[PDB]
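J.: 3D, please:
(one chain, ligands or ions: 1)
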Amino acid sequence: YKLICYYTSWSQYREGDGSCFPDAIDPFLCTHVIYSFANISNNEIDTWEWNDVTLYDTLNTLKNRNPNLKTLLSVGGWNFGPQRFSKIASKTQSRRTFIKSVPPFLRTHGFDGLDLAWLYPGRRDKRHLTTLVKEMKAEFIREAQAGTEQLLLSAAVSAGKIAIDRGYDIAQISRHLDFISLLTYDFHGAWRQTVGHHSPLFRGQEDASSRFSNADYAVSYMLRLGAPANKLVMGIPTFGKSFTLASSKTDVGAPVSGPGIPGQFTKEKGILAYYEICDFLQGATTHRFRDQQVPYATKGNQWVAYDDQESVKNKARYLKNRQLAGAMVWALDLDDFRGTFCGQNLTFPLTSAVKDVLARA
Ligand SMILES: *[C@@H]1O[C@H](CO)[C@@H](O[C@@H]2O[C@H](CO)[C@@H](O)[C@H](O)[C@H]2NC(C)=O)[C@H](O)[C@H]1NC(C)=O
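T.: Residues are numbered from 1 along each chain as shown. Below is the structure:
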């Protein structure tokens, strides 16, 4: 089984214990670690943070302790305008230029592959995405002729039905990608008057309008579109989404007035790292959606939808029963990486729980 873990560049700037550098990553924890967000300048892949070359080096040294560890660099991300990806891919000259610049860059900094994070191709981009994936892979095959181990190619793909039908030709890109990470944790998100969980595993006999917004549906749909199971990777979040209640109501459908207040360390409205949630729980009321199989918590006028060891182990048993290639975890830096916030002096509790299940069978 594969355990793909993302590390984000900007996590280095969080204060105090929130600060996270690649050197805090357990070499034997994941099978693949993806460094988050390289940019594109002059139509060529390029660094993002002023100290990326130093962190690339710090990350790739983990391979000295664990020889089998693979690393990849992800291009794009949320702060990268989709429009920008759209312009690169649309013109063969710009696309070829970007493609030809990747292997050398990757080889220089010691990466084993490229992860594409075009966060949301539109109806007009579908055809160019296919082209980009095909040509990129073809270039990686040619490059391997030089006697060095072929570069890996992966992509982070939306798990939203409408999004999938709009910009992805799954049957086509699946045959060129080594693996596909399903972003099965964005099924709700401060943008509609109510409270709801963003990463439910199951539909939940309760509501019906959105029978599509759960991991189970996303997975079945991909398999139906032609994506081989042995190439699918289910995303498991290590963070939570917070809301500010509009009333004293906490149950399903409770009104919302906006995202929850920022965490002491992540300082981003609507989000909380697992380690900030562990602190949040003291004095909070905990609950669990039976049907969706995920928990949530409330305190004062704050409502949090998150994942704990049990929900995460559950999602992992599930991907196993469906024979998928493995799991993807978004943000090692959002997990209790120091292991000093969540009681048990265990480092990376959420990620470890996933790893344990994957190792049982
Ligand atoms: C990534 O590279 C792009 C393009 O080289 C950067 O964007 C430019 O930033 C300058 C100064 O902020 C602007 O004058 C240009 O108009 C921008 N170009 C585009 C297409 O947006 C960007 O600064 C780089 N990213 C980072 C974080 O370094």
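J.: what residues does stretch 117-130 touch?
T.: 37, 74-78, 80, 82, 85-86, 89-90, 95, 155-156, 158, 163, 166-169, 172-173 (C-beta atoms under 8 Å, 6 or more residues apart in numbering). All C-beta atoms are positioned from the backbone trio N, CA, C, and that covers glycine.
J.: Of these, which belong to helices?
T.: Those of those mapping onto helices are 82, 85, 86, 89, 90, 95, 163, 166, 167, 172, 173, per DSSP state H.
J.: Now which of these would you call buried?
T.: 85, 86, 89, 95, 163, 166, 167, 172, 173 (16 or more other C-beta atoms under 10 Å).
J.: And those, which two are furthest apart?
T.: Greatest spatial distance among those (C-beta to C-beta): 95 and 163, at 22.3 Å.
J.: ok, residue 80 - contacts?
T.: Taking C-beta under 8 Å, 6+ apart, one finds 37, 39, 40, 117, 119 in contact with residue 80.
J.: Is the second one bridged to anything, and to what?
T.: Beta-bridge pairing of residue 39, defined through DSSP bridges, involves residue 46.
J.: From what I see, it and residue 47 are in contact.
T.: Yes. With contact defined as C-beta atoms under 8 Å, residue 39 counts as touching residue 47 (7.0 Å).
J.: Phi, psi for the residue of the stretch 1-150 of the chain found nearest the ligand please.
T.: Closest residue of the stretch 1-150 of the chain to the ligand, C-beta to the nearest ligand atom: residue 41 (3.1 Å). Reported as degrees, to the nearest 10, the phi and psi values for residue 41 are phi -130, psi 140.
J.: before we move on, what about residue 259?
T.: phi -60, psi 160.
J.: picking up where we left off before, within reach of the ligand, which of the buried ones among the ones in helices among the contacts of stretch 117-130 are there?
T.: Among these, no residue is within reach of the ligand (C-beta under 6 Å from any ligand atom).
J.: Can you point out the helix or strand that includes the most far-flung residue of the chain relative to its centre?
T.: Residue farthest from the centre of the chain, counting by C-alpha atoms, centre = their mean, is residue 248 at 33.0 Å. Assigned by DSSP states H and E, residue 248 belongs to no helix or strand.
J.: Can you give me the distance of it to residue 129?
T.: 46 Å (C-beta to C-beta, to the nearest Å).
J.: related to what we said a few turns ago, which two of the ones in helices among the contacts of stretch 117-130 have the greatest separation?
T.: 95 and 163 (22.3 Å).
J.: how about the residues of the stretch 51-200 of the chain near the ligand?
T.: Near the ligand, when you scan the stretch 51-200 of the chain using C-beta under 6 Å from any ligand atom, you find nothing.
J.: what ranges do the strands span in the stretch 51-200 of the chain?
T.: 70-76, 113-117, 152-158, 179-183 (DSSP state E, counting those that start in this stretch).
J.: how about the ones you listed in JSON lines, adding mean neighbour count?
T.: Converted to JSON lines, the strands of the stretch 51-200 of the chain look like this (neighbours: other C-beta atoms under 10 Å):
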{"stretch": "strand 70-76", "mean neighbour count": "22"}
{"stretch": "strand 113-117", "mean neighbour count": "24"}
{"stretch": "strand 152-158", "mean neighbour count": "23"}
{"stretch": "strand 179-183", "mean neighbour count": "24"}
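J.: Figure out which of those is closest to residue 17.
T.: That would be strand 70-76 among these, by C-beta to C-beta, at 24.7 Å.
J.: Next, count neighbours for residue 319.
T.: For residue 319, the tally of surrounding residues (other C-beta atoms under 10 Å) stands at 26.
J.: For residue 311, pull up the helix or strand it's in.
T.: helix 309-321.
J.: And the contacts of the next helix or strand after that helix?
T.: Next along the chain after helix 309-321, taking DSSP H and E as the criterion, comes strand 326-330. With C-beta under 8 Å, 6+ apart as the test, strand 326-330 has contacts from 1-6, 30-31, 156, 179, 181-183, 185, 233-239, 315-316, 319, 335, 350-351, 354, 358.
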